[PDB]
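To begin, one chain is listed below as structure tokens, in the form deposited in one PDB entry.
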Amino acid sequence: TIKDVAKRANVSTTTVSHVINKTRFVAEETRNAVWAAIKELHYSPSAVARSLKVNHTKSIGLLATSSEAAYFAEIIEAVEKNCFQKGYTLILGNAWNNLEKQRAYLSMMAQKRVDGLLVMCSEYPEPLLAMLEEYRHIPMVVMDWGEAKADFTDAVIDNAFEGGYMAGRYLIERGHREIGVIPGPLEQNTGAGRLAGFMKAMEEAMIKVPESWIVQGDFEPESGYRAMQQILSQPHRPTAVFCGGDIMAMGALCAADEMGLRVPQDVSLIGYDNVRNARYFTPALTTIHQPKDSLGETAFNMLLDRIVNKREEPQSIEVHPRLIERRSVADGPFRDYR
């Protein structure tokens, strides 16, 4: 305890502190002396004590959805550096889209008194929106929203509609007119948003799409498997499918193999995410890339700012995606005709 180091140090605690935090000038002797005792006495200042005083834990919370999915894990890993190089402590908590679950992690959140709050709950029902607001006191920012759903938070928008668009365009220019689509859950942004972007181009190109060629996915490889399966299992099949996510595409890739179909010789897959190891998919995945890092870093920053600069007004910064050409896509049967 400080009372213990000051003692061994034959100096006031006020002194022990002033040297611990270089908050005011202290003679060299006194300085050194404190230190020695600090070391021999083996002192570890109590952050909890210091925070009960200074009104800030210096730790930010993460109300995530899950932490194993490649997509998530990369953002999550991104944040942590940011937290660390800026002095913060990361508190991770996955709600699994569970209201109860979130209401709890949110609960312990404020209790432990997180200086700030990063959110990625995926689905945002009225109930959620509700609970979230009752903590509008604690600074926060949702990082996975299509557009600014609330006025009480900060947001980083991905322009995922623009991405869904970019993907379809590619297919078109490639020669395809018979595309399919295994989208991510519609309650989601990266779900509906991407699909909706992809579908503008279609109409923009008078391309229709039979319902039998559009199957819901949940970002789980198993789901990609089942869809791709469902797709090619019907008499008339498309020549190129737009896969809602990379790890789903990764799963759709598998099925086509066991299918006996070649890729991209038989099917053309265009994903979306650009996961750390999508380049090494087999084959190499052509895909849309989301700036996961910046989506992360940008978030942490807005928080700090709102924090340290006692910001009060909400905000929302956009981020942008870009096509990444790999090997899952070939020319369509209309390429030369354009």
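Here, rigid core means the biggest group of C-alpha atoms that superpose within 1.5 Å across both forms. Residue positions are given as counts along the sequence shown, with the first one as 1.
Omitted here: the form deposited in another entry. The next part is about that form.
- Measuring CA movement between the shown form and the other one with the rigid core aligned, the set 167, 267, 250, 143 has one residue at 2 Å or more: 143.
- In a rigid-core overlay of the protein, residue 276 has its C-alpha displaced by under 2 Å between the shown form and the other one.
- Once both forms are fitted on their core, a CA shift of 2 Å or more is seen for residue 90 between the shown form and the other one.
- In a rigid-core overlay of the protein, residue 233 has its C-alpha displaced by under 2 Å between the shown form and the other one.
- Between residue 217 and residue 120, the Cα spacing is larger in the other entry than in the shown form, differing by no less than 3 Å.
- In the other entry, the CA atoms of residue 70 and residue 217 sit closer together than in the displayed form, by at least 3 angstroms.
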